[PDB]
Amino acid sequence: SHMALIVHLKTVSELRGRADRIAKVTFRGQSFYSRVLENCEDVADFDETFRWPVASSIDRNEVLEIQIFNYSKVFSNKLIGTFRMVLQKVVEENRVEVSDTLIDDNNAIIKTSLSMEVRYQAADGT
(Lines of atoms letter the chains of each structure in order from A and count residues from 1; the text may use other names and numbers.)
(Lines give C-alpha, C1' and ligand atoms only; values in the text may rest on other atoms or scores of the structure.)
Protein backbone atom coordinates (compact mmCIF):
# COMPACT_ATOMS: atom_id res chain seq x y z
CA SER A 1 0.00 0.00 0.00
CA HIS A 2 1.33 3.41 1.02
CA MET A 3 4.88 3.10 2.33
CA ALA A 4 6.46 4.42 5.52
CA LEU A 5 9.87 4.75 7.13
CA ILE A 6 9.67 3.13 10.57
CA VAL A 7 12.42 3.62 13.15
CA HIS A 8 12.42 1.63 16.40
CA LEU A 9 14.91 3.30 18.72
CA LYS A 10 15.76 0.70 21.34
CA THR A 11 18.63 1.60 23.64
CA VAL A 12 21.41 4.14 24.00
CA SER A 13 24.28 2.68 26.04
CA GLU A 14 27.62 3.67 27.60
CA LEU A 15 26.20 7.03 28.65
CA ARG A 16 28.36 9.17 30.94
CA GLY A 17 27.21 10.16 34.43
CA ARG A 18 23.59 10.62 35.48
CA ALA A 19 20.98 12.75 33.70
CA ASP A 20 17.51 12.94 32.26
CA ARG A 21 17.93 11.89 28.62
CA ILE A 22 16.04 12.70 25.43
CA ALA A 23 16.30 11.58 21.81
CA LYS A 24 15.56 13.46 18.57
CA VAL A 25 15.08 11.71 15.22
CA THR A 26 14.84 13.40 11.82
CA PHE A 27 13.97 12.40 8.26
CA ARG A 28 13.20 14.74 5.35
CA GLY A 29 13.27 17.69 7.74
CA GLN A 30 10.55 16.22 9.94
CA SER A 31 11.68 15.68 13.55
CA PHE A 32 10.19 13.80 16.47
CA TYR A 33 11.27 13.74 20.11
CA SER A 34 11.17 10.75 22.41
CA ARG A 35 9.77 11.02 25.91
CA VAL A 36 12.27 12.23 28.50
CA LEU A 37 13.90 9.36 30.39
CA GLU A 38 14.49 10.77 33.85
CA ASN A 39 17.47 10.04 36.04
CA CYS A 40 19.26 7.64 33.70
CA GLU A 41 22.81 6.39 34.26
CA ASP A 42 24.69 4.37 31.64
CA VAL A 43 21.83 2.95 29.53
CA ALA A 44 18.70 4.69 28.27
CA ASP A 45 16.06 2.20 27.17
CA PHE A 46 14.01 4.55 24.98
CA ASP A 47 12.09 1.69 23.29
CA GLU A 48 10.13 4.11 21.07
CA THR A 49 9.02 3.84 17.45
CA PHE A 50 8.89 6.71 14.95
CA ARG A 51 7.04 6.84 11.62
CA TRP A 52 7.30 8.87 8.42
CA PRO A 53 4.69 8.27 5.73
CA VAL A 54 6.39 8.38 2.32
CA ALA A 55 4.14 9.52 -0.53
CA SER A 56 6.21 7.94 -3.29
CA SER A 57 9.67 6.53 -2.68
CA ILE A 58 13.00 6.80 -0.85
CA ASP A 59 16.35 7.14 -2.65
CA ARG A 60 19.61 5.52 -1.52
CA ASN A 61 21.10 8.97 -0.89
CA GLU A 62 18.69 10.18 1.81
CA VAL A 63 19.87 10.46 5.41
CA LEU A 64 18.37 9.43 8.75
CA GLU A 65 19.69 11.43 11.73
CA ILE A 66 19.52 10.58 15.46
CA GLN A 67 20.64 13.03 18.18
CA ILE A 68 20.81 12.28 21.92
CA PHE A 69 20.69 15.05 24.57
CA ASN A 70 20.98 15.61 28.28
CA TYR A 71 17.69 17.17 29.30
CA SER A 72 16.87 19.41 32.26
CA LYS A 73 13.56 21.26 32.52
CA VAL A 74 14.98 24.74 33.06
CA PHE A 75 18.07 24.46 30.86
CA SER A 76 18.60 24.19 27.12
CA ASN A 77 19.24 20.63 25.87
CA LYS A 78 22.92 19.62 25.83
CA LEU A 79 23.99 17.54 22.81
CA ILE A 80 25.80 14.26 23.60
CA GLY A 81 26.28 12.87 20.12
CA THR A 82 24.84 12.27 16.68
CA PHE A 83 24.32 9.28 14.40
CA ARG A 84 23.66 9.55 10.68
CA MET A 85 23.04 6.83 8.11
CA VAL A 86 22.21 6.79 4.43
CA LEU A 87 19.18 4.61 3.74
CA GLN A 88 20.57 2.50 0.87
CA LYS A 89 20.50 -0.80 2.80
CA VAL A 90 17.04 -0.09 4.21
CA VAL A 91 15.58 0.60 0.77
CA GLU A 92 17.21 -2.56 -0.59
CA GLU A 93 16.53 -5.00 2.24
CA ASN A 94 13.39 -3.46 3.78
CA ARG A 95 14.87 -3.98 7.25
CA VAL A 96 18.20 -3.07 8.87
CA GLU A 97 19.49 -3.61 12.42
CA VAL A 98 21.77 -0.80 13.59
CA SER A 99 24.33 -1.04 16.36
CA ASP A 100 26.98 1.70 16.37
CA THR A 101 28.74 4.55 18.19
CA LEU A 102 27.75 8.22 18.17
CA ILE A 103 29.91 11.00 16.71
CA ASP A 104 30.57 14.29 18.50
CA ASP A 105 30.65 17.79 17.03
CA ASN A 106 34.33 17.41 16.04
CA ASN A 107 33.75 14.17 14.08
CA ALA A 108 35.28 12.17 16.91
CA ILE A 109 33.98 8.70 17.78
CA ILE A 110 32.64 8.50 21.32
CA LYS A 111 31.88 5.43 23.43
CA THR A 112 28.14 6.15 23.72
CA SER A 113 26.38 3.72 21.40
CA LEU A 114 22.97 3.29 19.82
CA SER A 115 20.73 0.30 19.08
CA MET A 116 17.85 0.59 16.61
CA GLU A 117 15.95 -1.16 13.84
CA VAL A 118 15.04 0.68 10.63
CA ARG A 119 12.27 -0.45 8.28
CA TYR A 120 10.85 0.61 4.92
CA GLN A 121 7.51 -1.15 4.53
CA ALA A 122 3.81 -0.96 3.77
CA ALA A 123 2.23 1.08 6.57
CA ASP A 124 -0.56 -1.45 7.16
CA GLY A 125 1.74 -4.37 8.01
CA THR A 126 1.39 -5.44 4.33
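The first residue of the sequence shown is number 1, and the count goes up from there.
Original post:
Once you work out the mean C-alpha B-factor for both 114-122 and 19-27 from the entry, which is higher?
Top reply: According to the entry, 114-122 carries the higher average C-alpha B-factor.
**OP:** Select between 36-44 and 89-97 the stretch whose C-alpha atoms have the higher average B-factor in the entry.
**Re:** For C-alpha atoms only, the mean B-factor is higher in 89-97.
Subject >> Member of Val54, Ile80, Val63, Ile66 with the greatest C-alpha B factor (per the PDB record) >> reply: When the deposited C-alpha B-factors of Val54, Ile80, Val63, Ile66 are compared, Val54 is largest.
**OP:** Rank-wise, by C-alpha B-factor, drop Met3 into the lowest, middle or highest third of its chain.
**Re:** CA B-factor rank for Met3: highest third.
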